[PDB]
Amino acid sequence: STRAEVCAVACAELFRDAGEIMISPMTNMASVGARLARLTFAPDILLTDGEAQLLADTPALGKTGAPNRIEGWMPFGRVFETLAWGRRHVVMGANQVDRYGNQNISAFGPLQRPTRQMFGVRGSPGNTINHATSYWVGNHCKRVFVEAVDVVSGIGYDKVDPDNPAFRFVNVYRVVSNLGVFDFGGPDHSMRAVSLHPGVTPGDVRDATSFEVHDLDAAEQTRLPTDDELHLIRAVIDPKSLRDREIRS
């Protein structure tokens, strides 16, 4: 198996024990993972067609030709209703992620005069205050994994006010990168190594991260895709290998 395949399975594992909730994979790598989960160990998840309908089956990523069977309607209004209700797990990209799990997809630099403009905060604030949120990063480097983000789009554990029960649904879960799986179980919910992908040393992660990752030297190897997982990824879910464009070098 390749690095991309190990990553796809790591993304799939984000949804183990998800139950019957909406999974919203906002990258191709997360979307391969989500479809793998639906076909295997998380069969009850809901998935949209990338627009406004709920898919009945689990077709190949990016595919054209035969129309998809649907099981429901999920326009953007209903996504907002669903997310505030809490029955969702979103996997987003991230231009920056910091050690308490704050995410930036908004801009670089000062708020009223950025040095580079991206999308704005989008739904990141609503997502991170309401339900399970995870991140996919395809090029784990110091410019992504920073001490503190320029703009807080997705909130991290340091922003939780323990005296305000409005923060009680925060659940920033994991970061899956081209190097490893990470969580926020370190001290003060600082970033901690769950696992390192085969071929990745602690030194690789250390040289690619602007802060120290907790338990990095003790981190086991990320599990290999099984033969059945490889079959589903290669032949059923991602036959065009869109997963390979998600990671670099």
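Numbering starts at 1 and runs along the sequence shown.
Annotation for 188 to 196 versus 47 to 55: the higher mean temperature factor (C-alpha) is found in 188 to 196.
The stretch with the higher mean CA B factor, choosing between 145 to 153 and 127 to 135, is 145 to 153.
Of the candidates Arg122, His89, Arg78, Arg113, the PDB record gives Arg113 the highest C-alpha temperature factor.
In the deposited entry, the Cα temperature factor of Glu20 sits in the bottom third of values across the chain's modelled residues. Among the modelled residues of the chain, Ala37 sits in the lowest third by CA temperature factor in this PDB entry. In this PDB entry, the Cα temperature factor of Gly93 sits in the middle third of its chain's modelled residues. Per the PDB record, residue ranking by Cα B-factor puts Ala166 in the middle third of the chain. Split the chain's modelled residues into thirds by C-alpha temperature factor. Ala10 is in the lowest one.
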